[PDB]
Amino acid sequence: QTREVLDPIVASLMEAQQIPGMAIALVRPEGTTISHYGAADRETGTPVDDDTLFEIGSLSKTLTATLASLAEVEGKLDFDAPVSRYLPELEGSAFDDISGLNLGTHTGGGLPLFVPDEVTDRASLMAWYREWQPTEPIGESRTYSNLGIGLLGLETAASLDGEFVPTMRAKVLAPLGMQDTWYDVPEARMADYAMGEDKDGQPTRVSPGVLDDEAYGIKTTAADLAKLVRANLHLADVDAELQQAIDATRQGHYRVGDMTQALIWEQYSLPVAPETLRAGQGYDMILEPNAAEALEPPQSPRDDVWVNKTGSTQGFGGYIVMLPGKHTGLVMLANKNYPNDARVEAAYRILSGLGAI
Ligand SMILES: [Cl-]
Ligand SMILES: [Sr+2]
């Protein structure tokens, strides 16, 4: 059925890219199909199953954004207000002029991609934030940043008067039914934890780091993410505030060439060519500052769009795609960091083969 469309494309993808294992969820109106492929660990040959946990890396940022947006709904966080307002430890710094909205759309004044080596903890981090000088016009330039989204998650935590991961647990994960979603994988589940594989074919597993939780830290299943995507597509039974919070994450906030930057979710109007999609996942978009223009009639979630998000670690490769107007979504997790082109193409082929595009 679905499986007849899906299975040969994933088989071809897994061969062409030498991916040990994948887990795939297709959300549609009529229900969700979970499919598992290959080995969770290439060495042992243990198959991927219902309980296999994958690093999603940068995909974690959508959870961070969801929780942020939920603090905003509850009236505890204002997205427009300066960050120093909820983190007063940063008064007098650049963050008097940078907002939570800026942080969730990567328009926080050129905040770099990585946490610098010198920053080894929260104190050295806040100190680094205090000193840092912007290198690009705030709100007019997009630079993909772990420092920024992470700061959004500190700010959100602060404003809800709690710590990040337990607050995320109670307010987003648990209500969505995402009990296989872990920031720190418990001892009992380690046998379910997929082993990753880099582009030279080496075993690799993410290491702890500052802001790992807020930026790239989740390990989870395809089904759990299907629950988030399900909510986004309004096919879930969810609390009304959480549902607004989730919907608010899909508001277009800035234009960046062909791409509309929402709250971490990136989107494109239909019809869209795969090349455009590839451009959005490429060096030019990810590793360079790109002019951004704030959307002034600020856009309600659209229903004629490709909404997507990539996630990688050194040994894992994930991608989510949502077509809100067809109530259709795709979660593909892999335990190999395989190129973003292969992701967009496999996605497109899948969704086109199903007739969603
Ligand atoms: Cl980093
Ligand atoms: Sr941490």
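Residues numbered from 1 in each chain as written, not as in the entry; some residues may be left out. Chains lettered and ligands numbered in written order. Heavy atoms only, no water.

- Method information in the entry identifies X-ray crystallography as the source of the structure, with 2.80 Å recorded as the resolution.

**Concerning empty space enclosed by the protein**
Part 1: Scanning the model with the defined rule gives one cavity of 30 Å³ or more in all.
Part 2: Residue lining of the largest cavity: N102, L103, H106, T107, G108, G109, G110, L111, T143, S145 and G148, and that is the complete set.
Part 3: Of the residues assigned to the lining of the largest cavity, the class counts are two nonpolar, nine polar and no charged. (1 Å grid on protein atoms, 1.4 Å probe; cavity = no way out; pocket = protein on both sides within 12 Å on 5 of 7 lines; lining within 4 Å. Points joined across faces, edges and corners; volume = space filled by probe spheres on them. Nonpolar A, V, L, I, M, F, W, Y, C, P; charged D, E, K, R; others polar.)

**A short note on the sheet that holds strand 8 (residues 252–256)**
Part 1: Ordered in space as 2-1-15-14-13-10-9-8-12, the nine strands form an open sheet in which the pairing is antiparallel. A single partner strand is all that each edge strand has here, and the edge strands are strand 2 (31–38) and strand 12 (293–299). Neighbour to neighbour, the strand axes of the sheet diverge by 25 degrees on average, direction disregarded.
Part 2: Where helix 1 (residues 2–16) meets the sheet, its contacts fall on strand 1 (21–28), strand 2 and strand 15 (328–334), and the angle it forms with strand 2 comes to roughly 30 degrees. (Pairing = 2+ DSSP bridges. Helix = DSSP H or I, 4+ residues; strand = E, 2+ residues; numbered from the N terminus. Axes fitted to C-alpha atoms, helices over the stretch in contact; angles between N-to-C directions. Contact = heavy atoms within 4.5 Å.)

**Quick look at helix 2 (residues 60–73)**
Part 1: A rise of 1.5 Å per residue sets the reference length of helix 2, with its 14 residues, at 20 Å; its end C-alpha atoms lie 20 Å apart and thus fit the reference within 8%.
Part 2: A large share of helix 2 lies buried, amounting to twelve of its 14 residues.
Part 3: Listing the buried residues of helix 2 in full gives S60, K61, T62, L63, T64, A65, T66, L67, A68, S69, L70 and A71.
Part 4: The inward-facing, buried residues of helix 2 contact helix 5 (146–159), helix 6 (164–176), helix 7 (212–215), helix 8 (222–232), helix 9 (240–248) and strand 13 (305–312). (Expected span 1.5 Å × (residues − 1). Buried < 20%, exposed > 50% of the residue type's maximum accessible area, 1.4 Å probe, protein only.)

**Here's the deal with the UniProt feature "binding site: Ca(2+) 4" (unreviewed entry) in the chain**
Part 1: Residues given the UniProt feature "binding site: Ca(2+) 4" (unreviewed entry) here are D192.
Part 2: Note on placement: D192 falls in the loop between helix 6 and strand 5 (196–197).
Part 3: Apart from the residues within four sequence positions on either side, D192 is in contact with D51, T52 and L53. (UniProt positions renumbered as here; feature names shortened; annotations may be inferred.)

**Quick word on the environment of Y254**
Part 1: As for its position among the elements, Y254 is in strand 8.
Part 2: Those residues in contact with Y254, other than ones at most four positions away along the chain, are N102, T105, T107, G139, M259, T260, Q261, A292, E293, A294 and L295.
Part 3: Among the polar contacts made by the side chain of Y254, one reaches the side chain of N102 at a distance of 3.1 Å. (Polar contact = N/O pair within 3.5 Å; in protein donor to acceptor, adjacent residues only side chain to side chain.)

**Considering helix 4 (residues 122–131)**
Part 1: Of the positions making up helix 4, those classed as buried are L125, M126, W128 and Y129. Take helix 4 and look down its axis: the buried residues cluster within an arc of 155 degrees, on one side only. Relative to its buried face, helix 4 has exposed residues pointing more than 90 degrees away, namely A123 and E131.
Part 2: Where helix 4 is buried, its residues meet helix 5. (Arc of directions from axis to C-beta.)

**A word on the packing of helix 4 against helix 5**
Part 1: Helix 5 packs onto helix 4 with a crossing angle of 115 degrees between their chain directions and a minimal axis gap of 13 Å. Between helix 4 and helix 5, the interaxial angle falls into the category roughly perpendicular. Of the two elements, helix 4 crosses helix 5, and the hand of that crossing is left-handed. Across the interface between the two elements, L125, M126, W128 and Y129 from helix 4 touch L147, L151 and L154 from helix 5. (Parallel < 35°, antiparallel > 145°, perpendicular 65-115°, else oblique. Left-handed = near helix turned anticlockwise from the far one by under 90°.)

**Quick look at the pattern of salt bridges**
Part 1: What the rule picks out here adds up to twelve salt bridges.
Part 2: We note a salt bridge from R255 to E293, for which the minimum N-O separation is 3.0 Å. Of this pair, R255 sits in strand 8 while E293 sits in strand 12, and the two are 38 residues apart along the sequence.
Part 3: Here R255 falls in the partly exposed class, since its relative accessible area comes to 40%.
Part 4: Of the charged contacts, one joins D304 and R302 as a salt bridge, the two residues approaching to 2.7 Å between their closest N and O atoms.
Part 5: What makes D304 partly exposed here is its relative accessible area of 30%. (Salt bridge = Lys/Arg side-chain N within 4 Å of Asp/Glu carboxyl O.)

**Regarding the layout of surface pockets**
Part 1: As a volume, the largest pocket reaches approximately 1000 Å³.
Part 2: Taken together, 40 residues line the largest pocket, and the ones lying closest to its centre are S58, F114, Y144, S312 and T313.
Part 3: Those elements that provide at least two residues to the lining of the largest pocket are helix 11 (283–286), strand 13 and helix 12 (340–353).
Part 4: Here the lining of the largest pocket is built from residues that sort into 16 nonpolar, 16 polar and eight charged.
Part 5: If you add up the space inside the second largest pocket, you get close to 270 Å³.
Part 6: Looking at the second largest pocket, it is lined by 15 residues, and the ones nearest its centre are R122, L154, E163, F164 and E214.
Part 7: Elements supplying a minimum of two residues to the lining of the second largest pocket: helix 4, helix 5, helix 6 and helix 7.

**So, the environment of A191**
Part 1: In this structure, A191 sits in the loop between helix 6 and strand 5.
Part 2: Using a relative accessible area of 72% as the deciding quantity, one classes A191 as exposed.

**As for the UniProt feature "binding site: Ca(2+) 6" (unreviewed entry) in the chain**
Part 1: Residues annotated by UniProt as "binding site: Ca(2+) 6" (unreviewed entry) correspond here to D284 and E288.
Part 2: Within the fold, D284 resides in helix 11.
Part 3: In this structure, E288 sits in the loop between helix 11 and strand 11 (290–291).
Part 4: Since its relative accessible area comes to 29%, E288 is described here as partly exposed.

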